[PDB]
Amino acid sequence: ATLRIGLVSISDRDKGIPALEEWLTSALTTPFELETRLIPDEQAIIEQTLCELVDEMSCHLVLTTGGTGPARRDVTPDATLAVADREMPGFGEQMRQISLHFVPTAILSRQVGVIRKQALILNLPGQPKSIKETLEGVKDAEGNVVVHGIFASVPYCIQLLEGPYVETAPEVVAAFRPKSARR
């Protein structure tokens, strides 16, 4: 089936939506449709937007960009936890470990991954290069994986959440699944 993805760029004031549209087009080999939103960094508007995308637009996956640091105005993770049914602690932890391979200041991000209804919501960085580094991971000179991107586990997570069967281009990111889940 078609994967319905919501893309939310949270601007304190856009490069965020465009970076996601480009990366997802290169990575996915199964069909997808986008619902894109560019909004201010105000917590109640981020919460409303996430509920709109999950509840009224029926998105299977929502990726946010921006507003995850320590500063007073950065409230994207707070809005995401407010609308969640359940937290996925491994996603925050591992997005920080992937990002620490690039710079030590990755530990200042408060990004989370949560589930609302059957949708997965992931908070990504505001800079385009960081968005791609997080999703795809760290490879060597010959292209071999050193540390898997966070997207390597997203297709199987959507499958466990009773969503569509998603596949990726192995040259960009390989979609890991156990024998029990492979078609």
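Don't overthink the numbering: it's just position in the shown sequence, from 1.
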Self-check item: Which of 157-165 and 170-178 has higher mean CA B factor, as the PDB entry lists it
Solution: 170-178
Quiz item: Once you work out the mean C-alpha B-factor for both 137-145 and 47-55 from the entry, which is higher?
Solution: 137-145
Quiz item: Taking the C-alpha B-factors as the PDB entry records them, is residue 129 in the lowest, middle or highest third of its chain?
Solution: highest
Exercise. Ordered by C-alpha B-factor within the chain, which third holds residue 78? Give me lowest, middle or highest, please.
Key: middle
Self-check item: residue 117 by Cα B-factor - lowest, middle or highest third of the modelled chain
Solution: highest
Quiz item: Looking at the C-alpha B-factor of residue 110, is it in the lowest, middle or highest third of its chain?
Solution: lowest
Quiz item: Sorting the chain's CA B-factors, does residue 96 end up in the lowest, middle or highest third?
Solution: lowest
